[PDB]
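Trainee: Have a look at this one before I ask anything.
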Amino acid sequence: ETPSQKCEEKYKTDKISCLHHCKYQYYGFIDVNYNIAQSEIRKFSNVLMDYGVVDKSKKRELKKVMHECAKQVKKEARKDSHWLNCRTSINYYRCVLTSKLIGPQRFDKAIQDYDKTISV
(Lines of atoms letter the chains of each structure in order from A and count residues from 1; the text may use other names and numbers.)
(Lines give C-alpha, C1' and ligand atoms only; values in the text may rest on other atoms or scores of the structure.)
Protein backbone atom coordinates (compact mmCIF):
# COMPACT_ATOMS: atom_id res chain seq x y z
CA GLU A 1 0.00 0.00 0.00
CA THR A 2 3.04 2.21 0.54
CA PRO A 3 6.28 2.05 -1.52
CA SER A 4 8.15 0.04 1.13
CA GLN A 5 5.30 -2.45 1.58
CA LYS A 6 4.76 -2.85 -2.16
CA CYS A 7 8.42 -3.23 -3.13
CA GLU A 8 9.30 -5.77 -0.43
CA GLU A 9 6.22 -7.89 -1.15
CA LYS A 10 7.35 -7.79 -4.77
CA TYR A 11 10.86 -9.12 -4.15
CA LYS A 12 9.84 -12.40 -2.52
CA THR A 13 12.66 -13.87 -5.54
CA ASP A 14 16.19 -12.58 -6.10
CA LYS A 15 17.52 -9.39 -7.70
CA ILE A 16 16.98 -8.25 -4.12
CA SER A 17 19.46 -5.39 -4.54
CA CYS A 18 16.82 -3.78 -6.76
CA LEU A 19 14.62 -3.40 -3.67
CA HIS A 20 16.38 -0.13 -2.92
CA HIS A 21 15.77 1.49 -6.31
CA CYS A 22 12.17 0.27 -6.33
CA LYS A 23 11.51 2.48 -3.31
CA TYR A 24 13.49 5.53 -4.41
CA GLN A 25 11.71 5.69 -7.77
CA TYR A 26 8.43 5.94 -5.86
CA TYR A 27 9.83 8.68 -3.64
CA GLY A 28 11.04 10.48 -6.75
CA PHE A 29 14.72 10.40 -5.80
CA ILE A 30 15.74 8.31 -8.82
CA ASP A 31 14.13 8.17 -12.27
CA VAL A 32 12.54 4.97 -13.60
CA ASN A 33 15.31 4.76 -16.20
CA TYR A 34 17.77 4.68 -13.27
CA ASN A 35 18.95 8.22 -14.06
CA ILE A 36 19.60 11.02 -11.58
CA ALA A 37 19.14 14.50 -13.05
CA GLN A 38 18.20 17.70 -11.16
CA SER A 39 14.49 16.91 -11.21
CA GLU A 40 15.34 14.00 -8.92
CA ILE A 41 17.89 16.02 -6.94
CA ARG A 42 15.60 18.91 -6.01
CA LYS A 43 12.97 16.32 -5.10
CA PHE A 44 15.49 14.63 -2.82
CA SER A 45 16.67 17.92 -1.31
CA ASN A 46 13.18 19.32 -0.69
CA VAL A 47 12.02 16.18 1.14
CA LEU A 48 15.10 16.41 3.37
CA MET A 49 14.21 20.04 4.12
CA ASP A 50 10.49 19.65 4.83
CA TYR A 51 11.35 16.85 7.25
CA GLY A 52 14.05 18.88 9.00
CA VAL A 53 17.06 16.72 8.20
CA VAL A 54 19.14 19.64 6.93
CA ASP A 55 19.00 23.42 7.46
CA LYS A 56 17.85 25.82 4.73
CA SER A 57 21.25 27.52 4.78
CA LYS A 58 22.80 24.20 3.74
CA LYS A 59 20.40 23.55 0.83
CA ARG A 60 22.75 24.72 -1.91
CA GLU A 61 25.70 22.75 -0.52
CA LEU A 62 23.58 19.60 -0.19
CA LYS A 63 22.28 19.93 -3.75
CA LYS A 64 25.88 20.20 -4.92
CA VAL A 65 26.82 17.13 -2.88
CA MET A 66 23.94 15.28 -4.55
CA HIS A 67 25.12 16.61 -7.91
CA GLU A 68 28.74 15.53 -7.48
CA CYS A 69 27.62 12.10 -6.29
CA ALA A 70 25.54 11.75 -9.45
CA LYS A 71 28.55 12.53 -11.64
CA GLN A 72 30.62 9.93 -9.77
CA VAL A 73 28.05 7.14 -10.05
CA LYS A 74 27.83 7.78 -13.81
CA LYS A 75 31.60 8.13 -14.21
CA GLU A 76 32.16 4.72 -12.61
CA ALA A 77 29.41 3.17 -14.73
CA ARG A 78 31.08 4.17 -17.99
CA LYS A 79 34.47 2.77 -16.99
CA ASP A 80 32.63 -0.53 -16.61
CA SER A 81 31.28 0.14 -20.11
CA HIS A 82 27.62 0.11 -19.06
CA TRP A 83 25.13 2.58 -17.60
CA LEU A 84 23.07 3.13 -14.44
CA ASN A 85 21.26 0.25 -12.74
CA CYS A 86 20.17 -1.18 -9.38
CA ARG A 87 23.73 -1.03 -8.04
CA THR A 88 24.36 2.57 -9.11
CA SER A 89 21.22 3.57 -7.21
CA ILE A 90 22.73 2.12 -4.04
CA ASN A 91 26.07 3.83 -4.66
CA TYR A 92 24.26 7.14 -5.09
CA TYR A 93 22.81 6.63 -1.62
CA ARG A 94 26.14 5.64 -0.04
CA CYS A 95 27.83 8.66 -1.62
CA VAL A 96 25.14 11.06 -0.40
CA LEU A 97 25.06 9.82 3.21
CA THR A 98 28.86 10.04 3.29
CA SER A 99 28.33 13.79 3.63
CA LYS A 100 28.40 15.16 7.18
CA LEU A 101 25.56 17.55 6.32
CA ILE A 102 23.15 14.68 6.95
CA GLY A 103 22.34 13.16 10.32
CA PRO A 104 21.82 9.40 9.78
CA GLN A 105 19.14 8.77 12.37
CA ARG A 106 17.15 11.80 11.29
CA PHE A 107 17.47 10.71 7.66
CA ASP A 108 16.18 7.18 8.23
CA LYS A 109 13.43 8.66 10.39
CA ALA A 110 12.40 11.15 7.70
CA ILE A 111 12.33 8.63 4.85
CA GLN A 112 10.26 6.15 6.86
CA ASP A 113 7.74 8.91 7.61
CA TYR A 114 7.80 10.16 4.02
CA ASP A 115 7.05 6.65 2.79
CA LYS A 116 3.80 6.42 4.76
CA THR A 117 2.29 9.42 2.96
CA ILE A 118 2.36 7.65 -0.42
CA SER A 119 0.19 5.10 -2.23
CA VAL A 120 0.53 2.64 -3.67
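For chain A, we keep the numbers from Swiss-Prot: what you see runs 21-32, 35-142, in order.
Determination method: X-ray crystallography, 3.0 Å.
A Cβ is built for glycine as well, from the same backbone N, Cα and C atoms used for every other residue.
The following feature annotations were taken from Swiss-Prot:
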| type | residues | note |
| --- | --- | --- |
| DISULFID | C27-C44 | disulfide bond |
| DISULFID | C40-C108 | disulfide bond |
| DISULFID | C91-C117 | disulfide bond |
Trainee: Could you give the Cα-Cα distance between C91 (disulfide bond) and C108 (disulfide bond), in whole Å?
Mentor: 16
Trainee: If we check Cα distances from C108 (disulfide bond), which of the disulfide-bonded residues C27, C44, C117 wins as closest?
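Mentor: Out of the listed candidates, the nearest Cα belongs to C44.
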Trainee: What is the interatomic distance between the Cα atoms of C40 (disulfide bond) and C27 (disulfide bond), given in whole Å?
Mentor: 9
Trainee: Using the alpha carbons only, what distance in Å do you get between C27 (disulfide bond) and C117 (disulfide bond) once rounded?
Mentor: 23
Trainee: With an 8 Å cut-off on Cβ-Cβ distance and a minimum sequence separation of at least 6, pull the same-chain contacts of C117 (disulfide bond), or say none.
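Mentor: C91, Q94, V95 - these are the non-local Cβ neighbours of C117 (disulfide bond), listed in sequence order.
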Trainee: Between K32 and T35 this deposited model leaves 2 residues unbuilt; compute the CA-CA distance across that break and give it in Å as an integer.
Mentor: 4
Trainee: Under 8 Å Cβ to Cβ from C44 (disulfide bond), same chain, six or more residues apart: give me those in sequence order, or none if nothing qualifies.
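Mentor: Once residues fewer than 6 apart are set aside, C44 (disulfide bond) is near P23, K26, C27, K30, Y31.
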